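The chain below stands alone, shown as C-alpha cells; this is the form deposited in one PDB entry.
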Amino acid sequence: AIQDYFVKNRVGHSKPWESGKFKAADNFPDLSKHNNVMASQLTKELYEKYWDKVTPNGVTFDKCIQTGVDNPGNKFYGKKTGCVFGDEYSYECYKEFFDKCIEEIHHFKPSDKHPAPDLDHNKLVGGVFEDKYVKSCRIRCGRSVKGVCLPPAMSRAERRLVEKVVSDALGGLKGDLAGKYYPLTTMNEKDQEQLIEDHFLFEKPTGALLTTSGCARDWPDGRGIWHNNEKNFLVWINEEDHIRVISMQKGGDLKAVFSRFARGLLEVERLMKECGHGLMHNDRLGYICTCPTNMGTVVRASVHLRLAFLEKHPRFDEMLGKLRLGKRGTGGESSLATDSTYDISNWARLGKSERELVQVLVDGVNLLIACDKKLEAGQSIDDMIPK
C-alpha cells in the first residue's frame, strides 16, 4: 500500500484539491499574456473538472500544462503547444482538453480516427529537388516504449530501462544499417558539439519545453546517440522522446531519404517487437509521444530550403500556413534562419499517412521554389498563393 501512495505522489508537489481550503478557481493559471495551444483551449470549466484527477502513475493535470504556463512567448518561429503528456494515460484522463489541442494542431476531430500506415516511398511523386534550392533532406519520427512513463515524468530507473532495451535491439540491425551507440555521459564536449553543429545530435538541454516539462532531469544519465558508419540512419535516445529514428543526407534527394527511413523504421519497430517490448500505441491517434504535435505517424520531414527572394515577400508566412508547413531555423526549432535558409517541413502528423505527409512537403516545396523563381524574374505570385 505504501508504494501506492509513493507512486501517486510521483510529482512531489502539494495537491491543492485534497485538504479543502482551496477551490480549483483558486489555482486557475493566469494565461492573460499567453500564446500557446494550451492557453488557447484551456477553460476554467475544464480545469475545475480536471485538476483533482490523477493518472495511475501519479501524473497530475498541472504536471501536463506546466510548460505552457511557464512559456507565454517564443523568440523564434511559430506558436508552441504549451502542454505535454506525461504517460500513456494522460490523453485518456484529460481527453476533453487534449481533443481540442489535437484539433487545432492536426485538424483532426474528436470524431476522427487515424488511417493505416503507408511507407511506400515508391508511390511518391517528386522528392528530388534542385540542390541550388535544397541543401539537405531529413525525415524523422518518434516512438515511445509501452508501459513506461514518458520523458517529462519517467524516473531514473525507467530511463535506464529504456536505454538498455533500445540500445540493445539497435544492435540487431545489419548491413548498411549496422552501427554503434554512443552514450552522452562519456562523450567529451568537443565531439558532442561537432555532432550538433553538423546536425546529427540533439542540442544541449537548454530548450524551453525540454527544461520546464522535466525531460532534462538527471542529464545526461540515459541519453545517447546511435548511428551507422555512413551517419545517414541515426537514432536518438532519451531526449524529448525515448526514441527518435532519423534518416538524412545532404542535397535534395528526399525520395532516397524516405526509402531508407522506411527500410530502417520497419526493422527497428520489428526488433523492438523481437525483444518483447511494444511501442505505446493508441487506436484513435496511432503513436503517442511527449508532445501532441508528435502523434499519428509522428513523422516530420523537412528540407533546408534557401529562399532568398520569397522570404522577403509579404505573404510568405501565410503561404506556409495554408500549405500546412512549419518553418524552423537552420540549426533547428530554437534557431533562426541563416543565409536566407529555412528548415521547412510538414506540420500535421495525425490524420494522414507517412507517404501522404511526405507528398505534402514535396508538393508545397515545389510551390515555394517556383515562387522564389517568379520573384527573381521581377514577376508576381499573387495567384500562386492558395486562396
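In case it trips you up, residue 1 is the first one in the sequence shown, and so on. For clarity, a rigid core is taken as the largest C-alpha set superposing within 1.5 Å between two forms.
Asks: Mean C-alpha B-factor higher for 111-119, or for 160-168?
Replies: It is 111-119.
Asks: Between 310-318 and 126-134, which has the higher average C-alpha B-factor in the PDB entry?
Replies: Mean B over CA atoms: larger for 310-318.
Asks: Kindly indicate the residue among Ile102, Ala301, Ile225, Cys275 with the greatest C-alpha B-factor in the PDB record.
Replies: Reading the PDB entry, the winner on C-alpha B-factor is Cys275.
Asks: Using the temperature factors in the entry, find which of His242, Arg270, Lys180, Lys204 has the highest value at its Cα atom.
Replies: Top of the list by C-alpha B-factor: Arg270.
Asks: By the record's CA B-factor, is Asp62 among the lowest, middle or highest third of residues in the chain?
Replies: Middle third, going by the recorded CA B-factors of the chain.
Asks: Ranked by Cα temperature factor within the chain, is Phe97 in the lowest third, the middle third or the highest third?
Replies: Middle third - that is where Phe97 ends up once the chain's C-alpha B-factors are sorted.
Asks: Taking the chain's C-alpha temperature factors as the reference, tell me which third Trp219 falls into: lowest, middle or highest.
Replies: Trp219: CA B-factor falls in the lowest third of its chain.
Asks: What third of its chain's C-alpha B-factors does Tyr77 belong to: lowest, middle or highest?
Replies: According to the entry, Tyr77 has a C-alpha B-factor in the chain's highest third.
Asks: Select lowest, middle or highest to describe the third in which the CA B-factor of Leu184 falls within its chain in this entry.
Replies: For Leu184, the deposited C-alpha B-factor lands in the middle third.
The same protein also exists as the form deposited in another entry; that form is not shown, yet it is the one meant from here on.
Asks: Hey, after the core superposition between the shown form and the other one, which of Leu254, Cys83, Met154, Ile243 has the C-alpha moving 2 angstroms or more?
Replies: So the residue whose C-alpha moves 2 Å or more is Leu254.
Asks: Tell me whether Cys275 is among the residues that move between the shown form and the other one (Cα shift of 2 angstroms or more, core superposed).
Replies: Yes; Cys275 is a residue whose C-alpha shifts (by 2 Å or more) between the shown form and the other one when the cores are overlaid.
Asks: With both forms fitted on the core, give yes or no for whether the Cα of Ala216 moves by 2 angstroms or more between the shown form and the other one.
Replies: Comparing the forms between the shown form and the other one, which are aligned on their rigid core, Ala216 does not shift its C-alpha by 2 Å or more.
Asks: Rigid core aligned, does the Cα position of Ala178 differ by 2 Å or more between the shown form and the other one?
Replies: No, shifts by less than 2 Å.
Asks: Flagged pair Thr206/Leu195: C-alpha distance shifts by 3 angstroms or more in the other form. Which direction, closer or farther?
Replies: Relative to the displayed form, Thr206 and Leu195 move farther apart in the other form - a change of at least 3 Å between their C-alphas.
Asks: Report the direction of the Cα distance change between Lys204 and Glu158 in the other form, compared with the displayed form, as closer or farther; the change is 3 Å or more.
Replies: Here the pair is farther apart than in the other form; there, closer.
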